[PDB]
>>> print(open('target-v4.pdb').read())   # PDB, C-alpha atoms
ATOM      1  CA  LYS A 153       0.000   0.000   0.000  1.00  0.00           C
ATOM      2  CA  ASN A 154       2.859   2.279  -0.879  1.00  0.00           C
ATOM      3  CA  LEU A 155       2.646   6.077  -0.732  1.00  0.00           C
ATOM      4  CA  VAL A 156       2.861   6.945  -4.392  1.00  0.00           C
ATOM      5  CA  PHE A 157       2.609  10.748  -4.359  1.00  0.00           C
ATOM      6  CA  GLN A 158       1.990  12.690  -7.553  1.00  0.00           C
ATOM      7  CA  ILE A 159       5.052  14.649  -8.662  1.00  0.00           C
ATOM      8  CA  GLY A 160       4.258  15.616 -12.256  1.00  0.00           C
ATOM      9  CA  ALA A 161       1.348  16.152 -14.609  1.00  0.00           C
ATOM     10  CA  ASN A 162       1.588  12.932 -16.649  1.00  0.00           C
ATOM     11  CA  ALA A 163       1.710   9.176 -16.200  1.00  0.00           C
ATOM     12  CA  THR A 164       4.250   7.336 -14.010  1.00  0.00           C
ATOM     13  CA  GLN A 165       5.524  10.672 -12.582  1.00  0.00           C
ATOM     14  CA  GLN A 166       5.237   9.551  -8.965  1.00  0.00           C
ATOM     15  CA  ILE A 167       7.504   8.594  -6.054  1.00  0.00           C
ATOM     16  CA  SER A 168       6.899   5.816  -3.524  1.00  0.00           C
ATOM     17  CA  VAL A 169       7.359   6.139   0.253  1.00  0.00           C
ATOM     18  CA  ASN A 170       7.209   3.690   3.182  1.00  0.00           C
ATOM     19  CA  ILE A 171       6.898   3.972   6.965  1.00  0.00           C
ATOM     20  CA  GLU A 172       7.050   1.363   9.732  1.00  0.00           C
ATOM     21  CA  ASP A 173       7.232   2.113  13.460  1.00  0.00           C
ATOM     22  CA  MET A 174       5.396   1.177  16.652  1.00  0.00           C
ATOM     23  CA  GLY A 175       6.179  -0.258  20.059  1.00  0.00           C
ATOM     24  CA  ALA A 176       7.558  -3.410  18.446  1.00  0.00           C
ATOM     25  CA  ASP A 177      10.156  -1.453  16.453  1.00  0.00           C
ATOM     26  CA  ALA A 178      13.196  -3.335  17.743  1.00  0.00           C
ATOM     27  CA  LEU A 179      15.732  -5.744  16.166  1.00  0.00           C
ATOM     28  CA  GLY A 180      14.682  -8.448  13.720  1.00  0.00           C
ATOM     29  CA  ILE A 181      14.850 -10.041  10.292  1.00  0.00           C
ATOM     30  CA  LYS A 182      11.321 -10.317   8.841  1.00  0.00           C
ATOM     31  CA  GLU A 183       9.269 -10.220  12.010  1.00  0.00           C
ATOM     32  CA  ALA A 184      10.954  -8.708  15.015  1.00  0.00           C
ATOM     33  CA  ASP A 185      11.496 -11.904  17.070  1.00  0.00           C
ATOM     34  CA  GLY A 186       9.816 -13.484  20.105  1.00  0.00           C
ATOM     35  CA  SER A 187      11.289 -13.091  23.599  1.00  0.00           C
ATOM     36  CA  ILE A 188      13.919 -10.648  22.291  1.00  0.00           C
ATOM     37  CA  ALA A 189      13.930  -7.804  19.839  1.00  0.00           C
ATOM     38  CA  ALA A 190      10.194  -6.986  19.918  1.00  0.00           C
ATOM     39  CA  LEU A 191       9.608  -6.518  23.627  1.00  0.00           C
ATOM     40  CA  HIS A 192      12.974  -4.808  24.091  1.00  0.00           C
ATOM     41  CA  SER A 193      11.057  -1.752  22.915  1.00  0.00           C
ATOM     42  CA  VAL A 194       7.699  -2.855  24.362  1.00  0.00           C
ATOM     43  CA  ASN A 195       8.586  -4.628  27.657  1.00  0.00           C
ATOM     44  CA  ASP A 196      12.171  -3.766  28.615  1.00  0.00           C
ATOM     45  CA  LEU A 197      13.602  -6.642  30.636  1.00  0.00           C
ATOM     46  CA  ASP A 198      14.853  -4.547  33.583  1.00  0.00           C
ATOM     47  CA  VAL A 199      12.060  -5.862  35.805  1.00  0.00           C
ATOM     48  CA  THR A 200      13.648  -8.383  38.169  1.00  0.00           C
ATOM     49  CA  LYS A 201      15.287 -10.448  35.373  1.00  0.00           C
ATOM     50  CA  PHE A 202      18.232  -8.115  35.057  1.00  0.00           C
ATOM     51  CA  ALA A 203      19.612  -9.047  38.472  1.00  0.00           C
TER      52      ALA A 203
ATOM     53  CA  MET B  52     -25.527  34.195 -66.005  1.00  0.00           C
ATOM     54  CA  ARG B  53     -27.801  36.338 -63.827  1.00  0.00           C
ATOM     55  CA  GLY B  54     -29.188  33.283 -62.065  1.00  0.00           C
ATOM     56  CA  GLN B  55     -25.665  32.074 -61.381  1.00  0.00           C
ATOM     57  CA  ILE B  56     -24.703  35.493 -59.992  1.00  0.00           C
ATOM     58  CA  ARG B  57     -27.605  35.859 -57.586  1.00  0.00           C
ATOM     59  CA  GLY B  58     -26.951  32.308 -56.445  1.00  0.00           C
ATOM     60  CA  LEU B  59     -23.323  33.306 -55.853  1.00  0.00           C
ATOM     61  CA  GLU B  60     -24.296  36.156 -53.565  1.00  0.00           C
ATOM     62  CA  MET B  61     -26.576  33.656 -51.867  1.00  0.00           C
ATOM     63  CA  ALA B  62     -23.579  31.315 -51.813  1.00  0.00           C
ATOM     64  CA  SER B  63     -21.577  33.929 -49.908  1.00  0.00           C
ATOM     65  CA  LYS B  64     -24.386  34.361 -47.392  1.00  0.00           C
ATOM     66  CA  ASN B  65     -24.680  30.572 -47.143  1.00  0.00           C
ATOM     67  CA  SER B  66     -21.050  30.061 -46.248  1.00  0.00           C
ATOM     68  CA  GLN B  67     -21.187  32.946 -43.761  1.00  0.00           C
ATOM     69  CA  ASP B  68     -24.131  31.285 -42.018  1.00  0.00           C
ATOM     70  CA  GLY B  69     -22.139  28.061 -41.969  1.00  0.00           C
ATOM     71  CA  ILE B  70     -19.204  29.834 -40.325  1.00  0.00           C
ATOM     72  CA  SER B  71     -21.566  31.180 -37.672  1.00  0.00           C
ATOM     73  CA  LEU B  72     -23.002  27.716 -36.976  1.00  0.00           C
ATOM     74  CA  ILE B  73     -19.445  26.522 -36.517  1.00  0.00           C
ATOM     75  CA  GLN B  74     -18.643  29.445 -34.197  1.00  0.00           C
ATOM     76  CA  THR B  75     -21.539  28.314 -32.012  1.00  0.00           C
ATOM     77  CA  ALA B  76     -20.048  24.823 -31.966  1.00  0.00           C
ATOM     78  CA  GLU B  77     -16.657  26.302 -31.086  1.00  0.00           C
ATOM     79  CA  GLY B  78     -17.899  28.324 -28.156  1.00  0.00           C
ATOM     80  CA  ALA B  79     -19.527  25.145 -26.892  1.00  0.00           C
ATOM     81  CA  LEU B  80     -16.403  23.040 -27.429  1.00  0.00           C
ATOM     82  CA  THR B  81     -14.365  25.838 -25.866  1.00  0.00           C
ATOM     83  CA  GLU B  82     -16.297  25.657 -22.616  1.00  0.00           C
ATOM     84  CA  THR B  83     -16.348  21.844 -22.687  1.00  0.00           C
ATOM     85  CA  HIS B  84     -12.602  21.961 -23.208  1.00  0.00           C
ATOM     86  CA  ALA B  85     -12.047  24.242 -20.217  1.00  0.00           C
ATOM     87  CA  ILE B  86     -14.120  21.803 -18.178  1.00  0.00           C
ATOM     88  CA  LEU B  87     -11.757  19.016 -19.214  1.00  0.00           C
ATOM     89  CA  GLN B  88      -8.856  21.188 -18.058  1.00  0.00           C
ATOM     90  CA  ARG B  89     -10.438  21.466 -14.600  1.00  0.00           C
ATOM     91  CA  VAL B  90     -11.134  17.729 -14.640  1.00  0.00           C
ATOM     92  CA  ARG B  91      -7.494  17.010 -15.473  1.00  0.00           C
ATOM     93  CA  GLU B  92      -6.407  19.036 -12.444  1.00  0.00           C
ATOM     94  CA  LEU B  93      -8.874  17.114 -10.285  1.00  0.00           C
ATOM     95  CA  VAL B  94      -7.436  13.840 -11.601  1.00  0.00           C
ATOM     96  CA  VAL B  95      -3.862  14.866 -10.838  1.00  0.00           C
ATOM     97  CA  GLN B  96      -4.562  15.846  -7.248  1.00  0.00           C
ATOM     98  CA  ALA B  97      -6.783  12.795  -7.138  1.00  0.00           C
ATOM     99  CA  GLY B  98      -3.485  11.121  -7.955  1.00  0.00           C
ATOM    100  CA  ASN B  99      -1.582  12.491  -4.984  1.00  0.00           C
ATOM    101  CA  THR B 100      -4.562  12.620  -2.633  1.00  0.00           C
ATOM    102  CA  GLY B 101      -5.208   8.944  -3.338  1.00  0.00           C
ATOM    103  CA  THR B 102      -2.083   8.592  -1.163  1.00  0.00           C
TER     104      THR B 102
END
>>> encode(input="target-v4.pdb", output="structure tokens")
Amino acid sequence: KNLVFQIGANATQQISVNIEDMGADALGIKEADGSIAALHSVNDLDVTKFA
Amino acid sequence: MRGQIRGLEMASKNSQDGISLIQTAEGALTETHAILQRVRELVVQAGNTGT
């Protein structure tokens, strides 16, 4: 669903744009990951774990 | 000869009337054409604003 803004006055004179960001905006490959790399932005481990 | 002549004056008037008919058509097509200009604008910013 790419942001294809109009840039000219004729066909194919557009530019695409993309955005992706949320809580789960941490490390990853295709998805973020499970226990790591998604919650490290959502649920930072420094709870009692870190000790 | 005389018949031809009077029909030639009438031929001049005929073609003038034809020009006028056309001028009516050309005012109409002029306004239609300006409409299509406005439409084209609306399609271009429909292009961007679709994103």
>>> residues_around(input="target-v4.pdb", residues="residue 94 of chain B", least_positions_apart="3", cutoff="12 Å", atoms="only C-alpha atoms", output="list in words")
residues 158, 160, 161, 162 and 163 of chain A; 87, 88, 89, 90, 91, 97, 98, 99, 100 and 101 of chain B
>>> atom_distance(input="target-v4.pdb", atom1="atom CA of residue 197 of chain A", atom2="atom CA of residue 185 of chain A")
14.7 Å
>>> resolve_selection(input="target-v4.pdb", expression="the PyMOL selection byres ((chain A) within 12 of (chain B))", output="compact mmCIF listing (two decimals) with C-alpha atoms, keeping the file's coordinate frame")
# COMPACT_ATOMS: atom_id res chain seq x y z
CA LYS A 153 0.00 0.00 0.00
CA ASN A 154 2.86 2.28 -0.88
CA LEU A 155 2.65 6.08 -0.73
CA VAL A 156 2.86 6.94 -4.39
CA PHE A 157 2.61 10.75 -4.36
CA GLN A 158 1.99 12.69 -7.55
CA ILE A 159 5.05 14.65 -8.66
CA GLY A 160 4.26 15.62 -12.26
CA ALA A 161 1.35 16.15 -14.61
CA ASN A 162 1.59 12.93 -16.65
CA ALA A 163 1.71 9.18 -16.20
CA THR A 164 4.25 7.34 -14.01
CA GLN A 165 5.52 10.67 -12.58
CA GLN A 166 5.24 9.55 -8.96
CA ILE A 167 7.50 8.59 -6.05
CA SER A 168 6.90 5.82 -3.52
CA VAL A 169 7.36 6.14 0.25
CA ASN A 170 7.21 3.69 3.18
>>> residues_around(input="target-v4.pdb", residues="residue 177 of chain A", least_positions_apart="4", cutoff="7 Å", atoms="only C-alpha atoms", output="list in words")
residues 173, 190 and 193 of chain A
>>> atom_distance(input="target-v4.pdb", atom1="atom CA of residue 195 of chain A", atom2="atom CA of residue 174 of chain A")
12.8 Å
>>> residues_around(input="target-v4.pdb", residues="residue 188 of chain A", least_positions_apart="6", cutoff="9 Å", atoms="only C-alpha atoms", output="mmCIF file with C-alpha atoms, in the coordinates of the input")
data_model
loop_
_atom_site.group_PDB
_atom_site.id
_atom_site.type_symbol
_atom_site.label_atom_id
_atom_site.label_comp_id
_atom_site.auth_asym_id
_atom_site.auth_seq_id
_atom_site.Cartn_x
_atom_site.Cartn_y
_atom_site.Cartn_z
ATOM 1 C CA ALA A 178 13.196 -3.335 17.743
ATOM 2 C CA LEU A 179 15.732 -5.744 16.166
ATOM 3 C CA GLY A 180 14.682 -8.448 13.720
#
>>> axis_aligned_box(input="target-v4.pdb", around="segment 90-93 of chain B", padding_each_side="5 Å", output="JSON")
{"center_x": -8.8, "center_y": 18.0, "center_z": -12.9, "size_x": 14.7, "size_y": 12.0, "size_z": 15.2}
